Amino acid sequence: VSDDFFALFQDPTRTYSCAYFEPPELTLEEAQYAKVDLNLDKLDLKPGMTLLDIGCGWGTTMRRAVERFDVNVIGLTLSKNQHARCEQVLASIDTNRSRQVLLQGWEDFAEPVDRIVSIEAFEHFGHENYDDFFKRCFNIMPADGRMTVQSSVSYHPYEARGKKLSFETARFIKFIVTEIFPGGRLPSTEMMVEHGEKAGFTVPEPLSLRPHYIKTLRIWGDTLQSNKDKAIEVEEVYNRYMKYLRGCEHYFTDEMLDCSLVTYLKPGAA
């Protein structure tokens, strides 16, 4: 997967996550900023604080946080591509706030921060590591800390929609977690909430982003579709991602997949 490839289907910001069409008539690009504001507005961010962005992408969330809230920022990513971009994105801001991006996972991060944002990185963590993740996030934050985690989710193998559809969905999901995001693994919303509660977080009712992901995958699908040619010369990979995009839209429509924005409040939050 090359940067030039994703360039032919994503908005100019290169946000590789669910957009937020509020109001409904926003551009994909506008909708990606609105999704960033949706997360940050939950975080009770005050000037001088340090915001930790876990899985920080091309640095879009962090830039918007410095600009909108007058905070310091630290970003974690496991991609050199993303790290160098973020670094130049951060260095370009007119601020005296510190900005730092580290090529490393949350597992090796242990510094005090005030607030945490994480948009669709959580699918890479592994069920096995959820307890450590939430414990780390609770422990690095002050008494009034808050964290948002946004993540696609599925449902426990038990959770009825027909035998036919449930076997089918399990397979399509295998394919995502194998050839699109190798090593990935979807949680359920219930797991997201429960592991946070066990670490001692108060967890309000999660926000479902389902119709927004449906809307996002359609624009993605449609834009890649229109570059059938331009994308092939940069056929195999093309048909793979078309199966992925059209497939997810379908299963989000069918209500076999969902996307949750979960907020985690420490006992002393405001």
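Whichever C-alpha set is largest while still superposing within 1.5 Å between the two forms counts as the rigid core. For every residue, the number given is its place in the sequence shown, counted from 1.
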property: Core-fitted comparison in 8 other deposited structures of this protein, 110 to 118 vs 127 to 135, farther C-alphas; result: 127 to 135
property: RMS CA shift, core-fitted in 8 other deposited structures of this protein, bigger for 162 to 170 or for 139 to 147; result: 162 to 170
property: Count class of coordinate-free deposited residues lying between the neighbours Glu159 and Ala160; result: 1 to 3
property: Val234 to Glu235: deposited residues without atomic coordinates; result: 1 to 3
